[PDB]
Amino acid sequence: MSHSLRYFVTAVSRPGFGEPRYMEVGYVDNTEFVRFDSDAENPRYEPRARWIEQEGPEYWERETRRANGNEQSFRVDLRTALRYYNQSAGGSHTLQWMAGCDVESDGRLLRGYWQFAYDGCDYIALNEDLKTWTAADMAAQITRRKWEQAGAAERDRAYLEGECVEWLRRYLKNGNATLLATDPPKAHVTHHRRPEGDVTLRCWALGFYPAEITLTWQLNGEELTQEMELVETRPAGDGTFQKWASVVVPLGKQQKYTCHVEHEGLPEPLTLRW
């Protein structure tokens, strides 16, 4: 499991405020490099990273039409949504598109993606086998059918495997310096000796990349969850990231709980304590 090209899309039906806000975001690992925010002066595809900027006019243009077109197809979807739900014409909503490909170091994608979400819940998604859909709610059921006969997956599958994998290695091969740069976390626990007879150890993990990580605590070997506390992986801005997990402990056990840090940059899973 190594690299990916993930494209994030959001259609936001803002009733009365005009046509839904449409936006596309391009990703490789945890890096936004391209964007398309409907509400813009020059509505071209934006180079949201310097490395991609090497791409010619043929690219940005060949992409603008891509986005702009999709915006229209979404408009339809949004409109059609209400119908499928008897919902008020004056109600706002969101249609989310998440399509990408997780390609392995050698070169073969480990997984292709093409999924949907209306507002927040999963709507319909192209399964693991890359050849079949999934219907969350009854609405999606219509779609699975619609898409089955039309052979919608076939058209997609060849992208995730095609231009996705094909453009992935290129986006990397021409901007790998800027990209790749893997960083390990520099963890360490803190010990707040607050009153109430209970002290809490906080295990931070900083300066890492990729963002994707895993962090935990182990009390004398015992795994613990319904007691732990972990903040979302917040970005450090400087290409790096931060994060942490905390566990309350009775003032006097301390040596009994230990934090774990697993990350690509790390050789073995980092175990520590206070």
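Numbering starts at 1 and follows the sequence shown.
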Would you mind comparing 166 to 174 and 73 to 81 for me and telling me which has the higher average C-alpha temperature factor in the entry?
166 to 174
Average Cα temperature factor in the PDB entry - higher stretch of 7 to 15, 260 to 268
260 to 268
Take the CA temperature factors straight from the PDB entry and tell me which of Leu130, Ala187, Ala140, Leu201 peaks.
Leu201
For the CA B factor values reported in this entry, which option in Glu212, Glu61, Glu232, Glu32 has the top one?
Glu61
Would you check the entry's CA temperature factor for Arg157 and let me know if it's in the chain's lowest, middle or highest third?
middle
Sorting the chain's modelled residues by C-alpha B-factor and splitting them into thirds places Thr216 in the middle
Against its chain's modelled residues, does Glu148's Cα B factor rank lowest, middle or highest third?
highest
Sorting by Cα B-factor within the chain, modelled residues only, which third would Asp119 end up in: lowest, middle or highest?
highest
Ranked by Cα temperature factor within the chain, is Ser246 in the lowest third, the middle third or the highest third?
middle
